[PDB]
Amino acid sequence: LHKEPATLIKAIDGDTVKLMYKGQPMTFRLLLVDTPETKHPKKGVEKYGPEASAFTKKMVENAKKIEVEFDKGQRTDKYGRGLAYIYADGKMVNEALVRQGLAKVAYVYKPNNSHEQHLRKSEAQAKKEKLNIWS
Numbered sequence: 063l064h065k066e067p068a069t070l071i072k073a074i075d076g077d078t079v080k081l082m083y084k085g086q087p088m089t090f091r092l093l094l095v096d097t098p099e100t101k102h103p104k105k106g107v108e109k110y111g112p113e114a115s116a117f118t119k120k121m122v123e124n125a126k127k128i129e130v131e132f133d134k135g136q137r138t139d140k141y142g143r144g145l146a147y148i149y150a151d152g153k154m155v156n157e158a159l160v161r162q163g164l165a166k167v168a169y170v171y172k173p174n175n176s177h178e179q180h181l182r183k184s185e186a187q188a189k190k191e192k193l194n195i196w197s
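Residues in the sequence shown are numbered from 63 upward in steps of one, following mature numbering (1 follows the signal peptide of the UniProt record, and there is no 0).
Structure, rendered in structure tokens:
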């Protein structure tokens, strides 16, 4: 896998950011994580949703460099969003959220599972520390 540069356009939610990628505006869904959402009217604003959403926002707005890393399988979902690991100054946003108890590891679809083990290990530590959704 390789990282590629991108530029932030806007953070939309805990699990979705809009980026300029290869000079095109694109919405990205963070791979392998499920955050409580502020969007979707099924429930609307879930618990820890505003917290997950602020975390991702801060982390991408305060970065010097954002990079996107596609996995080995499909690179977009059925809504047209890119599927990727997103890095802010070298730190994966997907992992940061899970490590803080602000996301769970999602149901995985092979072969888009390259960082699955690494994320599950961070999720087990956040549960053990009883952070946020695990409190």
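Don't be surprised by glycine CBs; every beta carbon is placed ideally from N, CA and C.
State the start and end residues of the unbroken alpha helix (DSSP H) segment that holds residue i.
i: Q187; result: 178–190
i: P112; result: 111–123
i: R161; result: 155–161
State the Cα-Cα distance for the pair residue i and residue j, rounded to the nearest angstrom.
i: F90; j: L145; result: 6 Å
i: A186; j: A73; result: 27 Å
i: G152; j: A158; result: 11 Å
i: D139; j: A188; result: 28 Å
i: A165; j: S197; result: 13 Å
i: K80; j: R143; result: 9 Å
Going by C-alpha to C-alpha distance, which of the options sits closest to residue i?
i: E66; options: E185, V130, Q187; result: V130
i: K109; options: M121, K120, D96, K119; result: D96
i: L92; options: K190, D133, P173; result: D133
i: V170; options: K80, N194, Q179, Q162; result: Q179
i: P173; options: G142, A165, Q136, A188; result: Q136
i: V167; options: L181, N175, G106, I195; result: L181
i: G76; options: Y149, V155, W196; result: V155
i: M82; options: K192, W196, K104, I148; result: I148
i: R161; options: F117, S176, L70, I128; result: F117
Please classify residue i: is it buried, with 16 or more other beta-carbons within 10 angstroms of its beta-carbon, or exposed?
i: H102; result: exposed
i: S115; result: buried
i: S184; result: buried
i: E99; result: buried
i: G85; result: exposed
i: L63; result: exposed
i: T78; result: buried
i: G111; result: buried
Considering only DSSP beta bridges, list what residue i is partnered with.
i: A68; result: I128
i: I74; result: Per DSSP, none; premise fails for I74.
i: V167; result: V95
i: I148; result: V130
i: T89; result: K80
i: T138; result: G144
Got a sec, what are the start and stop residues for the beta strand (DSSP E) residue i sits in?
i: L81; result: 78–83
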